[PDB]
Amino acid sequence: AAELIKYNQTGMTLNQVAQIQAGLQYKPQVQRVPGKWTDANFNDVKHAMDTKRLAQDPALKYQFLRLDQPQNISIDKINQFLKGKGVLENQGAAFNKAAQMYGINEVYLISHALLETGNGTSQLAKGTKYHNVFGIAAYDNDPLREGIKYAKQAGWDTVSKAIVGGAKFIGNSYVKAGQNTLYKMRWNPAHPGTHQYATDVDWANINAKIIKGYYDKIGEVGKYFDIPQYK
Ligand SMILES: [Cl-]
Ligand SMILES: [Cl-]
Ligand SMILES: [Cl-]
């Protein structure tokens, strides 16, 4: 209703910040066609980074949405969206709960739950059964039994429960270390070339697309934004 946007003027310049990306040892990629990367040129990075262009686009501005800020989306609105999503069908309540506890945007938490469980169909989320809607301890030895093992250990015997305990894990490493918007996660304006999430120059733009997609399904729009400014 009343978007609240904060603008941080580095006083720097897009020309400076983009060439800085080009000197990184972990060189940037460009999926000109899906499934294949190539290093991006100065224009490729300067365009993908140009917040002036990303702020004007309704799907692209979501990279500036603050992920560390819960929005009070109605729990009913959430279930209308979680409907039919395998397990997780209900419990937007368990989700609003994980959101207010850790101070983290709700859509960021749910899309993350949706990816790890394949929209509620993952065996780990499927769960007598213990559950895991966040892939906790699942990227190492045995993703299925090792994760079932974690969930069994913390009492995630029910879906609202796997959601509460898995939630503390989301955003500590990125959203809580200051990279609170998909743009900061990609370009890191406080420390450029530092702690960046991926080489693809389109990574905040793609993720902004999927987020705004969930916002539209859900029935809401973002309210807290943060746009870096170069001049
Ligand atoms: Cl702030
Ligand atoms: Cl397994
Ligand atoms: Cl994170």
- line: With DSSP loop assignment and no more than 14 other C-beta atoms within 10 Å, the trypsin sites (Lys or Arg not before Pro) in region 54-90 are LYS83
message: Using all alpha carbons of region 107-149, what is the percent of pairwise distances in each 5 Å bin, ordered from the shortest bin to the longest?
response: 6, 27, 31, 23, 10, 3, 0
task: Show the residues, 5+ positions off or on another chain, whose built amide H is closer than 5 Å to the amide H of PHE225.
output: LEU4, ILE5, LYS6, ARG66
message: So if I average 1/r over every pair of distinct C-alpha atoms in the chain and take the inverse, what Kirkwood radius in Å does that give?
response: 18.7
Cα point-scatterer Debye curve for region 1-107, base-10 log of I(q)/I(0) at q = 0.11 Å⁻¹: -0.59
message: Over the Cα atoms, compute the radius of gyration (one decimal) and Dmax (the largest Cα-Cα distance, rounded to a whole number) for region 89-176, in Å.
response: 11.9, 35
query: With θ set to phi - 60° and the Karplus curve 6.51 cos²θ - 1.76 cosθ + 1.60, what are the ³J(HN,Hα) couplings of region 45-53 in order, to the nearest whole Hz, using x for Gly and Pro?
result: 8, 5, 7, 6, 9, 4, 4, 4, 7
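Mind putting a number on the dipole of the chain about its Cα centre? Charges go on the C-beta only, +1 for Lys and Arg and -1 for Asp and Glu, and I need it in Debye to the nearest 20.
Working: 28 positive and 19 negative charges, 20 e Å.
Dipole of the chain, to the nearest 20 debye: 100 debye.
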message: Explain nothing, just the number: dipole magnitude of region 104-170 about its Cα centre with +1 on each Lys and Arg Cβ and -1 on each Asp and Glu Cβ, in debye rounded to the nearest 20.
response: 220
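All Cβ positions, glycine included, derive from the backbone under ideal geometry; neighbour counts span all protein chains shown. Each reported figure results from applying straightforward, stated rules to the coordinates on display, with no laboratory input.
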